[PDB]
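Have a look at the structure below before the remarks.
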Amino acid sequence: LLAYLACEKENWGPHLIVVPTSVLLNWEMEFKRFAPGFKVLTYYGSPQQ
DNA sequence: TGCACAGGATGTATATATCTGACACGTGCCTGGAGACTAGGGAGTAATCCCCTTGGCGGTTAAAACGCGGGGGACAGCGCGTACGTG
């Protein structure tokens, strides 16, 4: 659906997912596996990183 | 002539009468001791409601705890001289 929004319209936008802490890496690995052309960030190291 | 002696001329602690100072006793007018009336402030109670607990599982995060390197600062040793101790 997010890859459909990039090709259907010109809206890309900064998106947001809310994942549990155990499946945090599977969405990044799935984002590199499926639909590579998206820029994805993650969230680790709350006080410093 | 050199020498001991008897009595006076001054001292000196000793005992006695005398001068302050503080403890002890005998009063009386501003205090207390006590009797009665008032009453409002203190002792007692009936809901109340409201924030304050009761007990313990996990997940995760930010704070607390440990560990080593070493660098610079506490700290000991020692000579000087002038600044207060002593007369």
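In the structure tokens, each chain is lettered A, B, ... as it comes, each chain's residues begin at 1, and ligands are numbered from 1 in order of appearance.
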Closest atom pairs, residues of chain B within 10 Å of chain A, only C-alpha atoms (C1' of nucleotides), as a tab-separated table:
residue	atom	partner	partner_atom	distance
B:59	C1'	A:21	CA	9.4
B:60	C1'	A:21	CA	9.3
B:61	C1'	A:46	CA	8.3
B:62	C1'	A:47	CA	8.2
Selection export as an mmCIF file, in the first residue's frame, atoms kept: N, CA and C atoms (P, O5', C5', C4', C3', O3' and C1' of nucleotides):
data_model
loop_
_atom_site.group_PDB
_atom_site.id
_atom_site.type_symbol
_atom_site.label_atom_id
_atom_site.label_comp_id
_atom_site.auth_asym_id
_atom_site.auth_seq_id
_atom_site.Cartn_x
_atom_site.Cartn_y
_atom_site.Cartn_z
ATOM 1 P P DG B 59 8.397 -10.638 29.668
ATOM 2 O "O5'" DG B 59 8.672 -9.117 29.228
ATOM 3 C "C5'" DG B 59 7.714 -8.436 28.410
ATOM 4 C "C4'" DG B 59 8.106 -6.986 28.149
ATOM 5 C "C3'" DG B 59 9.589 -6.728 27.908
ATOM 6 O "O3'" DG B 59 9.729 -5.849 26.803
ATOM 7 C "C1'" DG B 59 8.805 -5.337 29.671
ATOM 8 P P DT B 60 11.141 -5.654 26.065
ATOM 9 O "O5'" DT B 60 11.475 -4.117 26.333
ATOM 10 C "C5'" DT B 60 10.422 -3.159 26.318
ATOM 11 C "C4'" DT B 60 10.830 -1.889 27.042
ATOM 12 C "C3'" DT B 60 12.319 -1.555 26.972
ATOM 13 O "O3'" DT B 60 12.480 -0.181 26.686
ATOM 14 C "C1'" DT B 60 11.603 -1.551 29.215
ATOM 15 P P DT B 61 13.783 0.350 25.911
ATOM 16 O "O5'" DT B 61 14.010 1.797 26.544
ATOM 17 C "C5'" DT B 61 12.887 2.555 26.976
ATOM 18 C "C4'" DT B 61 13.168 3.229 28.306
ATOM 19 C "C3'" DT B 61 14.553 3.867 28.424
ATOM 20 O "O3'" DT B 61 14.435 5.189 28.917
ATOM 21 C "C1'" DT B 61 14.138 2.477 30.278
ATOM 22 P P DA B 62 15.411 6.336 28.362
ATOM 23 O "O5'" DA B 62 15.947 7.059 29.680
ATOM 24 C "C5'" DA B 62 15.027 7.549 30.638
ATOM 25 C "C4'" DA B 62 15.548 7.320 32.044
ATOM 26 C "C3'" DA B 62 16.860 8.037 32.374
ATOM 27 O "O3'" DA B 62 16.756 8.654 33.650
ATOM 28 C "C1'" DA B 62 17.054 5.732 32.848
#
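Straight-line separation from CA of residue 35 (chain A) to CA of residue 20 (chain A): 21.4 Å.
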Exercise for the section: For region 11-16 of chain A, work out the shell of residues within 12 Å, counting only C-alpha atoms (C1' of nucleotides) and skipping chain neighbours fewer than 5 positions away, then give it as a PyMOL selection string. Expected result: chain A and resi 1-6+27+37-43
Residues flagged helix (DSSP H, G or I) by DSSP in chain A, as a list in words:
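Assigned to helix (DSSP H, G or I), within chain A: residues 2, 3, 4, 5, 6, 7, 8, 24, 25, 26, 27, 28, 29, 30, 31, 32 and 33 of chain A.
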